[PDB]
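Visitor: Dumping the structure here so I can ask a few things about it.
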Amino acid sequence: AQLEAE
Amino acid sequence: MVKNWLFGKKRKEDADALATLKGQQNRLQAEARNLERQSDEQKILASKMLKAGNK
Amino acid sequence: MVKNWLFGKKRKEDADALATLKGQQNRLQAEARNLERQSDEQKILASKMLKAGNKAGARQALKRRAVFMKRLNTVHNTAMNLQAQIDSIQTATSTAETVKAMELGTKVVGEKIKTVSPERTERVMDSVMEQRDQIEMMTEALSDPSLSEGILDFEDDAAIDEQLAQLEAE
């Protein structure tokens with residue numbers, strides 16, 4: 001999720 | 001000028017033990033740096049898998 | 001210059017084991033690349049069967065491609081398992097060196113702790129305390145003001161009281 005948000 | 005024979009002997013022994021510990025610590029720091037590099041490469045790969053359309 | 005005969009022997013053995021594992025892993029990577037190539041050729045063939053008007057042949061080619069990709073997955077997982085074994089060998093080597101360094105340090109610190117034991121430090125600090133008390137008592141015995149005072153007022157400071165009063169009035 002955090003990499004996608006990145 | 002008194003020679004402290006036992007003192008110098010134990011000094012050499014403690015210096016060798018400290019050298020051994022410092023060498024193993026330096027090896028572990030190098031291994032840590034390599035593991036950090038590998039983690040960064042894996043994050044770059046994860047970003048490319050996200051962009052390419054492969055979750 | 002001490003020779004570590006057993007250490008060098010086991011080093012050669014571990015190097016040969018790592019070479020064997022790396023060679024088999026390289027073989028598996030080459031096989032994986034070839035299987036990927038074959039899968040791509042099968043997909044191209046499936047596309048041509050679709051264009052030519054042969055759906056049965058397209059299904060045939062896609063089934064063959066599915067078999068090739070399953071083989072590719074198995075080969076890749078086997079190569080990953082070999083990498084895990086290589087990492088286990090290197091981790092065991094590093095852990096052995098760490099335990100040896102810790103045992104050396106423990107030996108040195110144990111010799112020091114046995115030499116200067118805690119009971120020895122207790123004895124030294126007790127002696128320091130006792131001697132400090134004796135110096136204080138000796139050096140306060142010599143400083144008793146009763147000598148330089150010597151004769152004290154029988155009137156108990158009355159004359160000196162009035163002298164201070166008279167000097168204040170002055």
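No value in this document is a laboratory result; all are computed from the given coordinates. Neighbour counts run over all protein chains shown; Cβ positions are idealised from the backbone, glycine included.
Visitor: Where the centroid of each part is defined by its Cα atoms, how far is the stretch C:1-62 from the stretch B:31-47 in Å?
Guide: Here the two parts' Cα centres lie 24 Å apart.
Visitor: Placing unit charges on C-beta atoms (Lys and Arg positive, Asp and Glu negative, everything else neutral), compute the dipole magnitude of the protein assembly as shown about its Cα centre in debye, rounded to 20.
Guide: My answer is approximately 6440 debye.
Visitor: Treating chain B as a set of equal point scatterers at the Cα positions, no solvent, please give the Debye-formula log₁₀ I(q)/I(0) at q = 0.18, 0.22 Å⁻¹.
Guide: So the normalised log intensities are -0.74, -0.84.
Visitor: For chain C, build the charge dipole from Cβ charges (+1 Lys, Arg; -1 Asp, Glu) around the Cα centre, then report which of C:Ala19, C:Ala165, C:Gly105 sits farthest towards its positive end.
Guide: With unit charges placed on the Cβ atoms, the residue in question is C:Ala19.
Visitor: Quick one: order C:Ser127, C:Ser94 by neighbouring beta-carbon count within 10 Å, fewest to most.
Guide: With the sparsest Cβ surroundings first, the list reads C:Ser127, C:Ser94.
Visitor: Now for a separate question. As a quick test, which of the pairs B:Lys22/C:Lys107; B:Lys3/C:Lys100; B:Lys48/C:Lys22; B:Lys22/C:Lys112; B:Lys22/C:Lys3 have an alpha carbon distance above 23 angstrom in this structure?
Guide: B:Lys3/C:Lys100; B:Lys48/C:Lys22, as the Cα separations exceed 23 Å there.
Visitor: Okay, moving on. Count charges around C:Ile89 for me, please; just the other residues with Cβ under 15 Å from its Cβ, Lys/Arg as +1, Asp/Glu as -1.
Guide: Value of the local net charge: -2.
Visitor: If the reach is capped at under 16 angstrom between alpha carbons, list the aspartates and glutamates near C:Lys51, excluding any in the same chain fewer than eight residues apart.
Guide: Straight-line reach from C:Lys51, under 16 Å: C:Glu41.
Visitor: Across peptide B:24-36, what mean number of C-beta atoms from other chains lies inside 10 Å of a residue's C-beta?
Guide: Average per residue, whole number: 2.
Visitor: Below 17 Å, Cα to Cα, which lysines can B:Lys55 reach? Residues fewer than 8 away in the same chain don't count.
Guide: B:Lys43
Visitor: Something else about it: Grab the other residues whose beta carbon is less than 14 angstrom from that of C:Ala169, score K and R as +1, D and E as -1, and report the net.
Guide: -4
Visitor: On a 0 to 90 degree scale, rounded to 10, what angle separates helix C:118-141 from the longest Cα axis of chain C?
Guide: Long axis of C:118-141 versus the principal axis of chain C: about 20 degrees.
Visitor: Taking chain B as the reference, fit the longest principal axis to its C-alpha atoms, fit the long axis of helix B:5-52 to the helix C-alpha atoms, and give the angle between the two in degrees, 0 to 90, nearest 10.
Guide: Between helix and principal axis, roughly 0 degrees.
Visitor: Here's something else I'd like to know. Hey, which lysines would be in cross-link range of C:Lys114, C-alpha to C-alpha under 16 Å, not counting anything within fewer than 8 residues on its own chain?
Guide: Candidates past the 8-residue exclusion: B:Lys10.
Visitor: Determine, from the Cβ-Cβ distance of B:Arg33 and C:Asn4 and an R0 of 30 Å, the FRET efficiency 1/(1 + (r/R0)^6), rounded to the nearest 0.05.
Guide: Computed FRET efficiency for B:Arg33 and C:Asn4: 0.65.
Visitor: Next question, about the same structure. To test your reading of the geometry: what angle, between 0 and 90 degrees and rounded to tens, separates the Cα axis of helix C:55-115 from the longest principal axis of chain C?
Guide: Roughly 20 degrees between the two axes.
Visitor: Can you tell me, using C-alpha contacts under 8 Å and at least 6 residues apart, the relative contact order of chain C as a whole percent?
Guide: Reported as a whole number, the value is 18 percent.
Visitor: Per-residue ellipticity at 222 nm for chain C, helices alone: DSSP H runs ≥ 4 residues times -39500 (n - 2.57), over residue total, nearest 500 deg cm²/dmol?
Guide: Per the formula, -31500 deg cm²/dmol.
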